[PDB]
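Enquirer:
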Amino acid sequence: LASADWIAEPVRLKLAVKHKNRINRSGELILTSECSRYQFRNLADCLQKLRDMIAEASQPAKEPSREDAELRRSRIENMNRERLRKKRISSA
Amino acid sequence: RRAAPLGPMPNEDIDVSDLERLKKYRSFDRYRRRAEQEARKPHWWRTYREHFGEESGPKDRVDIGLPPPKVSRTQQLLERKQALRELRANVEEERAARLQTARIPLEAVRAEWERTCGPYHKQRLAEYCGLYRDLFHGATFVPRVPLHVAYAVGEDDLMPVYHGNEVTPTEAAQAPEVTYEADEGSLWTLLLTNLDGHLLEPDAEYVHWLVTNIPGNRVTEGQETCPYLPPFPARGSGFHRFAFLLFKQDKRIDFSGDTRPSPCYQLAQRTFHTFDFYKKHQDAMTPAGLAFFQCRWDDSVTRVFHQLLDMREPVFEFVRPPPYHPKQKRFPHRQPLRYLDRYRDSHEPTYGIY
Amino acid sequence: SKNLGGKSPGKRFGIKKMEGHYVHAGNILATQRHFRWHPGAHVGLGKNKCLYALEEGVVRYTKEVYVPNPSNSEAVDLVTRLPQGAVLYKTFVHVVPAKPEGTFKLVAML
Amino acid sequence: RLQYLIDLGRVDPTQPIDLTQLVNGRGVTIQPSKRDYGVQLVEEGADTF
Amino acid sequence: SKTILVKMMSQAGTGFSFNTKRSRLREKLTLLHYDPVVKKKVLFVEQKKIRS
Amino acid sequence: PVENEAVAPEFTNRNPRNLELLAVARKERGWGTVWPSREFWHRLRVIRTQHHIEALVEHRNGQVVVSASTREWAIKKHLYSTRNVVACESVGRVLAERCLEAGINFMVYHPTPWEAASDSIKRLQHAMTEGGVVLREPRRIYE
Amino acid sequence: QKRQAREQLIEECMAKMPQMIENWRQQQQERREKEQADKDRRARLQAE
Amino acid sequence: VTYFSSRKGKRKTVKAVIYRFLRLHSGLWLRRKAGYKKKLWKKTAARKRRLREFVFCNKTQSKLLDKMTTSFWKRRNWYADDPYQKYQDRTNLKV
RNA sequence: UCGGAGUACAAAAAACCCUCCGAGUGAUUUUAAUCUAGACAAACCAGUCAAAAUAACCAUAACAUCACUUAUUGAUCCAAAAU
Ligand SMILES: [Mg+2]
Ligand SMILES: [Mg+2]
Ligand SMILES: [Mg+2]
Ligand SMILES: [Mg+2]
Ligand SMILES: [Mg+2]
Numbered sequence: 104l105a106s107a108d109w110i111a112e113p114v115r116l117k118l119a120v121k122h123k124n125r126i127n128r129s130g131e132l133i134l135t136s137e138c139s140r141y142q143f144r145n146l147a148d149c150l151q152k153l154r155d156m157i158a159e160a161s162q163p164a165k166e167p168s169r170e171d172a173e174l175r176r177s178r179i180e181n182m183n184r185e186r187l188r189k190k191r192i193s194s195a
Numbered sequence: 027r028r029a030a031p032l033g034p035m036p037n038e039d040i041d042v043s044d045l046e047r048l049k050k051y052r053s054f055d056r057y058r059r060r061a062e063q064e065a066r067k068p069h070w071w072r073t074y075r076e077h078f079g080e081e082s083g084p085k086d087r088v089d090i091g092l093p094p095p096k097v098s099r100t101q102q103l104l105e106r107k108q109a110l111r112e113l114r115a116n117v118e119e120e121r122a123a124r125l126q127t128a129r130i131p132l133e134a135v136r137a138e139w140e141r142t143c144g145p146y147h148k149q150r151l152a153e154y155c156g157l158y159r160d161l162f163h164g165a166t167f168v169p170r171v172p173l174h175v176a177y178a179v180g181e182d183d184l185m186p187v188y189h190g191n192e193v194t195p196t197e198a199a200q201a202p203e204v205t206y207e208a209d210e211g212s213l214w215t216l217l218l219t220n221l222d223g224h225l226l227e228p229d230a231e232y233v234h235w236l237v238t239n240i241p242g243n244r245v246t247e248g249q250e251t252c253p254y255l256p257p258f259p260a261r262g263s264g265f266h267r268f269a270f271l272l273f274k275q276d277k278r279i280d281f282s283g284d285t286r287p288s289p290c291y292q293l294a295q296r297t298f299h300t301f302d303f304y305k306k307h308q309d310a311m312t313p314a315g316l317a318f319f320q321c322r323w324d325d326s327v328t329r330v331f332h333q334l335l336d337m338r339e340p341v342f343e344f345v346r347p348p349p350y351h352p353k354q355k356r357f358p359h360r361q362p363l364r365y366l367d368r369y370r371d372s373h374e375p376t377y378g379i380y
Numbered sequence: 039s040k041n042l043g044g045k046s047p048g049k050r051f052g053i054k055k056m057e058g059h060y061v062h063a064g065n066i067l068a069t070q071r072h073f074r075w076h077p078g079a080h081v082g083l084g085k086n087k088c089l090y091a092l093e094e095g096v097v098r099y100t101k102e103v104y105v106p107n108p109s110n111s112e113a114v115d116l117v118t119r120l121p122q123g124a125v126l127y128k129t130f131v132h133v134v135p136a137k138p139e140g141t142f143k144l145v146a147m148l
Numbered sequence: 100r101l102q103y104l105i106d107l108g109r110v111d112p113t114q115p116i117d118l119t120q121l122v123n124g125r126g127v128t129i130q131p132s133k134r135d136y137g138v139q140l141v142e143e144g145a146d147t148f
Numbered sequence: 013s014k015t016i017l018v019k020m021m022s023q024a025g026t027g028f029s030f031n032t033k034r035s036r037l038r039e040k041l042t043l044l045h046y047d048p049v050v051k052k053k054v055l056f057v058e059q060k061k062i063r064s
Numbered sequence: 038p039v040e041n042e043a044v045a046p047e048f049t050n051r052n053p054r055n056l057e058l059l060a061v062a063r064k065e066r067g068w069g070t071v072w073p074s075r076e077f078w079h080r081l082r083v084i085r086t087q088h089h090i091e092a093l094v095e096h097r098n099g100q101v102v103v104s105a106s107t108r109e110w111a112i113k114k115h116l117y118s119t120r121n122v123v124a125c126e127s128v129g130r131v132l133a134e135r136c137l138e139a140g141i142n143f144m145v146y147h148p149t150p151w152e153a154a155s156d157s158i159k160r161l162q163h164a165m166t167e168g169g170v171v172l173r174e175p176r177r178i179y180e
Numbered sequence: 112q113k114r115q116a117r118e119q120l121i122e123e124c125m126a127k128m129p130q131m132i133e134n135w136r137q138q139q140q141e142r143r144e145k146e147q148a149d150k151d152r153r154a155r156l157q158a159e
Numbered sequence: 094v095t096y097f098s099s100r101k102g103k104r105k106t107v108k109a110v111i112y113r114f115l116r117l118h119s120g121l122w123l124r125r126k127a128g129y130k131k132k133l134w135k136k137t138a139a140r141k142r143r144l145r146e147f148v149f150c151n152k153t154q155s156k157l158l159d160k161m162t163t164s165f166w167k168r169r170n171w172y173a174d175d176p177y178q179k180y181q182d183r184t185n186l187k188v
């Protein structure tokens, strides 16, 4: 990712943020496709995925909208671990 | 062909003769109660409890505890009676009651609870989360000494570890502050164990932080056997549980066998069985304090595997079993067309010789 | 004649799977004109009062205490008129679930 | 099948391949009477071609 | 008393129809139904009388 | 390779609390001839004696996980009139606290139609809500 | 032209929906209160 | 069925079959459900669906329909755009 | 022709120009969607349930209800409708 020059620097940095899950400790971004028995179709899926990632990262207008369906647990358990975290005295 | 009931039939007790002179519960709720009490008794016929796993049912508990504090029944009773007399006496209090305005000083209730019935509640939470099942295998102890653990999230921030609570690995990147009350003739041992998340060995766990020969309440003064290693669950698997155990020991104990190297970033070197470790030192060590937390993978953990353990980072999925389909039939009868798609291998045409 | 139309086939009400059998989710366990067997754990009730398995597993029959829904007038009345020690019992069908909910597999080592 | 046909030298890739060439190699069979409008090309061997 | 089978039409502008048994001596029927094309709960008014 | 690198393909998670928190576990669908619904991981249960108010949190095992009672000396000694509306509110707050401390944010509460109208219990629910514990558990995934 | 006609019709009448169903709701509520007021004004005239 | 025609001496097909069934190449026959257009207002949503299906015939019926139909209707067809081309072969059938 | 009870005593099925009750619909508004694992039942045709998933609505909102509820029903073709 860092060594790829065909993508702009701001984009190359945002990619390393959103997709860090699929990045590798050697710095490698890794895409994978499965579906078809024909690897032409697979390669095409990969390339289309890459195109789309670069597309959404190169758009500053991306608002990263999040659904409340699977994230309700996240927000509530966050808030509720923040009720306990709220104890204030310095330590270490 | 009649058989003979084995033991009592449920309603055989009450008299059918003269129903009008029998007292009934005209309340739905009274009935509900009586029923739930009846559902808790050990009946002689096939029951829900039997099949659905009361989990060993009756179990004689090998108890490795600290002996329960000895307190006078009658004296305590008298004092409490008195306190309640005094509290009921005030007119101010009654005013607070009728007008629906009152508050309880929660911190004090938390203190009293910690002091009194807390150990038992913490115990049954530990039972619930199966601490005892994975550690001592059969054994229950009541946490007589309260254990206060906390993490530093910043300068002003303190994240407590209560029993069963959730904490993020970011918070746990540093060794925590530990507090409990003992005078010093005392010697203690503190232990932090990752109960699950051992990669190779389903029956084994990881030692994160092991400290020993702890004078009094002094945490840092003790010699550290195994240096603190931050929590590292794996991306796929959810919610590993970490255990803080506190043993009260008599003799000073020295173990070169359990001692680990200072950096100790090898996983084969931290592999642990709380059972065995306790078997060893069983005579001197009696487990006393307990506090534990639930922890799931978060961003910071990635840094561990690469930077410390010099590993690739393992990621997991949750895989559900493939759906069950009946044997395929040559002439599926009266079955929708989409039947043929259930046994389909992959969706792609295949032209065999063509 | 005086008598007419007594003729209709049997509805085949009965109990399709028996205690100890293996079932797959959606199998009909029993079917009935009135409630004879009530649905227990992991057993769904149909609108025709038939019982079907919601999970793959083993069928078990059981006697248990019956505590009717307070929205049901009749049943609450029946319960309310009982002598104070008495408890209604009924017969239930459960499925003890066999397969584990799912497993954790190793996808990729990064 | 097209590849298998070329490999065994039934159809030769040198000259242009149209329907008549496919028929003459008996790689395919057309029966217009059955409303065959011709050959269609499918991707079955794409990766190996 | 007889009932009647009337054809009921969406006010959603989508041509969509469903037939309903309605009391003969009653008023012209109006309902809130589900229209599949617009995928909504919309107002249906009786257009026509099909069966008697 | 690295002796650390060994993993094994199938990861065993012994933690009983796990699949519940993940929402992927099995609730018990069923019954529904009877009441209340037995479908839940955790259930709030409020017992009112003519003397004391007792709020339990149960697991479908019947096992009480975390509870707050008025017979408890900690709560008993601070306040007055064990059976009051006030007491219900109190027990609610205590329970919310202990629940957060226990790591359980969700439970089902199934009151009776007339217990729903009662003030003591409305204020118990309020106390439980402000405490951060949500009633009405999250749905199952691939239920 | 057919597709655009259909879409036009649907948008047009979907804009008109809340007004229609609210108007019909008020109509039916007014009808109910009309009948109930009739039955009460009859009940009191029969009682007297 | 006419087993030997008069003019040609061949075996005729019964067209009444060709209109209501569909023969896949595997030998499975496919049919609509009976009464699926009839009296819809009187029926459940569920039942309506059960009717709207395309379903398979049991062996006996399949042999019957085969006998009532000449060889032409059993040939392998390749239609452009055909919905049913997906379904003509059988897979993973262990018998 | 269709349903309930007996005959048919406890899984199913089970006859008579056998013994008895019924049905060929009302009333009401909660107007009751799409799609699909797996089953019941079954000579065939017909009948029955139903998870998950979508979409509708509280913004994690799918069993029309009552009358013993069970029965209130009719295949192809062909006609009328135009969706
Ligand atoms: Mg009969
Ligand atoms: Mg008969
Ligand atoms: Mg051909
Ligand atoms: Mg069968
Ligand atoms: Mg559903």
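Protein chains in written order, with the entry's author numbering: chain Bu, 104 to 195; chain Bb, 27 to 380; chain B0, 39 to 148; chain BP, 100 to 148; chain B6, 13 to 64; chain BS, 38 to 180; chain Bv, 112 to 159; chain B8, 94 to 188. Backbone N, C-alpha and C fix where the C-beta goes; we use that ideal spot for every residue, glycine too.
(1) Specify whether the region 175 to 195 of chain Bb and the region 231 to 241 of chain Bb touch according to this definition: at least 3 beta carbon pairs, one from each stretch, less than 8 angstroms apart.
(2) Using a 10 Å radius around the Cβ and a threshold of 16 neighbouring Cβ atoms, would you call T312 (chain Bb) buried or exposed?
(3) For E120 (chain Bb), count neighbouring C-beta atoms within 10 Å of its own C-beta (all shown protein chains included) and say buried if the count is 16 or more, exposed if not.
(4) Using Cβ-Cβ distances below 8 angstroms, what residues of the region 160 to 174 of chain Bb are close to chain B8?
(5) At 8 angstroms on the CB atoms, spell out the chain BP contacts of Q142 (chain Bu), in chain order.
(6) Grab the span of the beta strand (DSSP E) containing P241 (chain Bb) for me, first residue to last.
(7) Chain Bb partners of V148 (chain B8), CB-CB under 7 angstroms?
(8) Quick check on this structure: which residue in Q361 (chain Bb), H299 (chain Bb), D336 (chain Bb), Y377 (chain Bb) has the alpha carbon closest to the alpha carbon of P38 (chain BS)?
(9) Please list, in chain order, the residues of the region 109 to 127 of chain BS that have any C-beta partner in chain Bb closer than 7 angstroms.
(10) Using the C-alpha atoms, what's the distance from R140 (chain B8) back to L115 (chain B8)?
(11) Looking at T149 (chain BS) and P108 (chain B0), is the spacing between their C-beta atoms short of 8 angstroms?
(12) Are the region 138 to 151 of chain Bb and the region 96 to 110 of chain BS in contact at 8 angstroms, needing three or more beta carbon pairs?
(13) Looking at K49 (chain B0) and ligand 2, is the gap between the Cβ and the nearest heavy atom below 7 angstroms?
(14) Indicate the three-state DSSP secondary structure (helix, strand or coil) for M131 (chain Bv) in the structure shown.
(15) Give the interface partners of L103 (chain Bb) over in chain BS, defined as CB-CB distance under 9 angstroms, in chain order.
(16) So which residues on chain Bb does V141 (chain BP) lean against when the C-beta distance must stay under 9 angstroms?
(17) Under 8 angstroms between the Cβ atoms of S288 (chain Bb) and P253 (chain Bb)?
(18) Please report the residue range of the alpha helix (DSSP H) in which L118 (chain BP) lies.
(19) Report, in whole angstroms, the separation of the C-beta atoms of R186 (chain Bu) and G169 (chain BS), which I expect to be a contact under 8 angstroms.
(20) Looking at the unbroken alpha helix (DSSP H) that takes in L137 (chain BS), where does it start and where does it end?
(21) How is the beta strand (DSSP E) around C252 (chain Bb) delimited, first residue to last?
(22) Does any residue of chain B0 bring its CB to less than 8 angstroms from the CB of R128 (chain Bu)?
(23) Taking DSSP as the reference, what is the three-state secondary structure of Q178 (chain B8)?
(24) Under 8 angstroms between the Cβ atoms of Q181 (chain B8) and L117 (chain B8)?
(25) According to the neighbour-count rule (16 or more other Cβ atoms, all chains shown, within 10 Å of its Cβ), is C155 (chain Bb) buried or exposed?
(26) Going by DSSP in three states, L151 (chain Bb) sits in which element: helix, strand or coil?
(27) I'd like the span of the beta strand (DSSP E) that includes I66 (chain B0), first residue to last.
(28) Locate the beta strand (DSSP E) running through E95 (chain BS), then write down its first and last residues.
(29) Could you confirm whether any beta carbon from chain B8 is found closer than 8 angstroms to the beta carbon of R356 (chain Bb)?
(30) Kindly indicate which three-state DSSP category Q151 (chain Bu) falls into: helix, strand or coil?
Expert: On the basis of the coordinates in this document:
(1) As far as the Cβ criterion goes, the region 175 to 195 of chain Bb does not touch the region 231 to 241 of chain Bb, which means the pair count is below three.
(2) buried
(3) Exposed, since its Cβ has fewer than 16 Cβ neighbours within 10 Å.
(4) Cβ contacts with chain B8: none found.
(5) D146
(6) 232 to 241 is the span of the beta strand (DSSP E), which, as asked, contains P241 (chain Bb).
(7) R360, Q361, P362
(8) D336 (chain Bb)
(9) Listed by position, the residues of the region 109 to 127 of chain BS near chain Bb (Cβ gap below 7 angstroms) are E109, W110, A111, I112, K114, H115, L116, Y117, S118, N121, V122, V123, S127.
(10) 23 angstroms
(11) Cβ distance < 8 angstroms, so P108 (chain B0) and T149 (chain BS) count as in contact.
(12) yes
(13) no
(14) Correct three-state label for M131 (chain Bv): helix.
(15) Those do not exist, as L103 (chain Bb) stays about 11 angstroms from chain BS at its closest Cβ, beyond 9 angstroms.
(16) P375, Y377, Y380
(17) yes
(18) Per DSSP, the unbroken alpha helix (DSSP H) holding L118 (chain BP) starts and ends at 118 to 123.
(19) That pair is a contact at about 6 angstroms.
(20) 122 to 139
(21) 249 to 252 is the span of the beta strand (DSSP E), which, as asked, contains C252 (chain Bb).
(22) yes
(23) helix
(24) When the beta-carbon positions are compared, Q181 (chain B8) and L117 (chain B8) come within less than 8 angstroms of each other.
(25) buried
(26) helix
(27) Unbroken beta strand (DSSP E) run through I66 (chain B0): 66 to 69.
(28) 90 to 96
(29) yes
(30) helix
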